[PDB]
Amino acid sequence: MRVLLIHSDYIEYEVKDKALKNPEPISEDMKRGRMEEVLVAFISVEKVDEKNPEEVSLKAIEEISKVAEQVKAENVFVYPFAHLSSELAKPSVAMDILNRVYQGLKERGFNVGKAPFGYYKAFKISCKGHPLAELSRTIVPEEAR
C-alpha cells in the first residue's frame, strides 16, 4: 500500500464517470463531496496487500492516525487513488481494505470522510504547505517486507 498524506484547507471531489464495471453503489447526492481542514489520505492498495488485508489495514490506520495527531488534524479523508502505484490489488480487495481503514480511523475518534470507490473523480485540494503537510507512507505485510 502506498499512501500520500496532504494536510489541506479543504478537499472537494466530483464524480465524472465509472472507472470499473461495478463500482461502489452510491446515491446522487454523493456525486460531489467536500471536507474542510483535513488530512487527505490518497491511498493505492497494492497487490502485495492481498497477502494480509487486516495487517495492512491496521498499519494504515496507525500511520495515518499518527500524522493526524502531529498536525492536529481533526478531520481525515480516505481518498481511493489507485494510480499512486503500478501494481494494484484487485478492486474487491482494495474496497475491503479501504473500508477497514475508514472504520478504524472512525473508531480512533476522528471525523472521517471518504470519496466513492470505483470512479473517475475530479478533485480540488489546497495543501497548507507546513513542515509535515506532505508525507508519504509505504505499508506492506510483514512477510512481504
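Residue indices: 1-based, along the sequence shown.
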Decide which of the stretches 86 to 94 and 35 to 43 has the higher mean C-alpha B-factor, going by the entry. 86 to 94
Decide which of the stretches 118 to 126 and 15 to 23 has the higher mean C-alpha B-factor, going by the entry. 15 to 23
Per the entry's values, where does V48 land by CA temperature factor relative to the rest of its chain, in the lowest, middle or highest third? highest
Among all modelled residues of this chain, ranked by Cα B factor, put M1 in the bottom, middle or top third, i.e. lowest, middle or highest. middle
